[PDB]
């Protein structure tokens, strides 16, 4: 079964709610497993207490940097970086869960949740899931973003884990 994970997000210490995500382990097992383990924190590290450092309205909300909290860091459960599994899944619309990177085969822990069809990213970024529930919470995160990416409020992942 494809894992069902959660992100509990807060803005300036005030809760925004829960984002439930389905991880397509049936298409991208290695990419899904990396994100699932970072939600539980079973490897001794992960998303708990980390932030959405770059948020651009009408585009995406970016997070995953649990090491430096500014886009310069983060690491995978396999090592520093891991290869691009495949580009089978496309950035078809809002709610798409995809890996941020620094070029080909540089996947770590940084990901993004789309707020629009980001089809110009197809073949460059690994899509590994989608929002099941809490798109209203994603839109709340989006409202705290700006054209530069700078957030108007500290967007923190207060809790995260696996539902099934």
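Numbering follows the first chain given and starts at 1.
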**Study point:** Selected stretch [higher average CA B-factor]: 9 to 17 or 138 to 146
**Key:** 9 to 17
**Study point:** Given 63 to 71 and 111 to 119, the range whose Cα B-factors average higher in the PDB entry
**Key:** 63 to 71
**Study point:** Selection by C-alpha B-factor (highest) of 51, 98, 101, 31
**Key:** 51
Study note, to complete from the structure: residue 58: C-alpha B-factor third of its chain, per the entry, is the highest
